[PDB]
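One chain follows as structure tokens, the form deposited in one PDB entry.
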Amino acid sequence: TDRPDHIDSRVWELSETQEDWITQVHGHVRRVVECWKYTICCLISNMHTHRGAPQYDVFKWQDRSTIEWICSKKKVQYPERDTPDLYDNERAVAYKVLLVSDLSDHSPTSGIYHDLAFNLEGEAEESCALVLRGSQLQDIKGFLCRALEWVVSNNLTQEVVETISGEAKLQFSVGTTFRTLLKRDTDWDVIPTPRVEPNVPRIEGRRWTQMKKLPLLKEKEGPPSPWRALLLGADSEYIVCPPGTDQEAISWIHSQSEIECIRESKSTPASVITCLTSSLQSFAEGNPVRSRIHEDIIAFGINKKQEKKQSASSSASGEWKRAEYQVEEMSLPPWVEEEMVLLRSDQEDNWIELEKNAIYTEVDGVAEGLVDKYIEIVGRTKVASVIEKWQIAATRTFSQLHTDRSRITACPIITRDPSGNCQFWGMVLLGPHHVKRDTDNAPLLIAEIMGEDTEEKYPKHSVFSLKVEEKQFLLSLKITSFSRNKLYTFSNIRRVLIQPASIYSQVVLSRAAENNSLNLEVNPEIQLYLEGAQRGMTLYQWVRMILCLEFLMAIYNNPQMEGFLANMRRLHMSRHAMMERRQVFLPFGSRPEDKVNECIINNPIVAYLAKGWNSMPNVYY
């Protein structure tokens, strides 16, 4: 409650936080009793002098560090939980102040410190009288009677007696009002006591049906899915330029080329080429960032939101209804197989430059040999070059994102072959990109060198002709807006190499486990279901197409793809189980194919994986 009158204030806020009184059974009474004990200590340790310092020093409610100091100076050491209340330099004895119900039944607590006994109305044990002096006894009697009159005034005799005879007990109390608040939304009390007898009923259930044949996925019907990715993939090419810096190569390309459009898309107007030529020469003279031209307005979507809002406000009318979004279902495009067969094509260079780690032991040598051989087998492939292109483009675009600008920045995609020459894949132009949040979409105009054009595959791209030293190339311009998260993710696209490598190692090491001898040159016969027939092939080509699939899945990752993969892990497990002559049983209303089919809407690689699953046998003998 509040401060008792007989207890001094300073003692009260000293005792305020010595112990957590609120979670004690009689915490207020215990606090008052402790205040009594400390006050008795203070009146015992009144102003005195033994040899220049008071003979009585107080240890109660003092910081343990100073108590330890004072004990060290006196060559004594007391435990924390049995520290005496006070210490006397007269006899050099530690006294603990105790309150007891009666004086006759009082035994010493321990031999390491003496006990001062009081009976709550002033009288003290004869040991106290022999130890202390008359004035101290009179003062303690006065304080004790002034406390006892307070106890009788508030009728706390039972609580005081309980506090004296025992230690603190823990509790947690909930009042009536909070209890009524708790009981508002439940049919039971705070401690639920339902009257029903504990019993578990017998409930009729359905049966479990065997999955005799594997589920067949549904191929969607509709227009074929166009190529929807940040860059071009297998159709990307590069222009060979004389050795030098990026600026020299850009100047070489700009000064010795001309652009004429051959295919124009409404999504990417043919006028936006004026932007690209404005950023080439600007980069040719050493300025990666240029000013704003008129053609940028329709190329980077500047002030598009306000115009769209104005048009909608001035045109739309009727009655408010729910959004009811929809996603257009699309079929498997023919270009996925072409992308697969082209991404694995052999290359003259390695395209995978990674600094070798150190070697200190033979395990390190084994690991480095495995990594080097994997780099050899998946390096001279088109997919590796496209991975490096994506890495460079995403990295250079991401490095220019955080710095807020209002001007167009050019980020050339240039690689160095192991001969010094420059390889120009394209140029990505970044708009104002007032990116406030990590999911905000920065505008981009991507010009990229093509290998072959296809209106069906690239409906939103604008294809121009490019003449450099009597050499013909295709230049594709695409207007996109792309997020910082996705650009950062594709700036570390090289991690896609991890998943195939695992498989490769998991084969090679396995062969070692078959003979306790590493080979690092094994190219075993992996048997697969190809074109609907069980036939074998080499490990290297299989790893190459695994890397092609993983790259395609990575660049085409979306909620549909992740849902499809997560729900297809179960079907893959079931198929592997049915290879091993194991039966698969299924719940009553169970259709594992439904979860997968929910995820097959318009993702070209999800559809490609679905077709690959459907081409395999659905029944095993």
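Shifts are known only where both forms have a C-alpha. Take the two forms, find the largest set of C-alpha atoms that superpose within 1.5 Å, and that set is the rigid core. All residue numbers are counted from 1 along the displayed sequence.
Just so it is clear, the following notes concern the form deposited in another entry, a form of the same protein that is not shown.
Superposed on the core, the two forms barely differ at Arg575: its CA moves less than 2 Å between this form and the one not shown.
Positional change of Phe482 between this form and the one not shown stays under 2 Å at the C-alpha, relative to the superposed core.
The pair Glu167 and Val174 is tighter in that other deposited form: their Cα-Cα distance falls by no less than 3 Å compared with this form. After fitting on the rigid core, only one stretch of 3+ residues whose CA atoms all move by 2 angstroms or more between this form and the one not shown is found, at 1-170.
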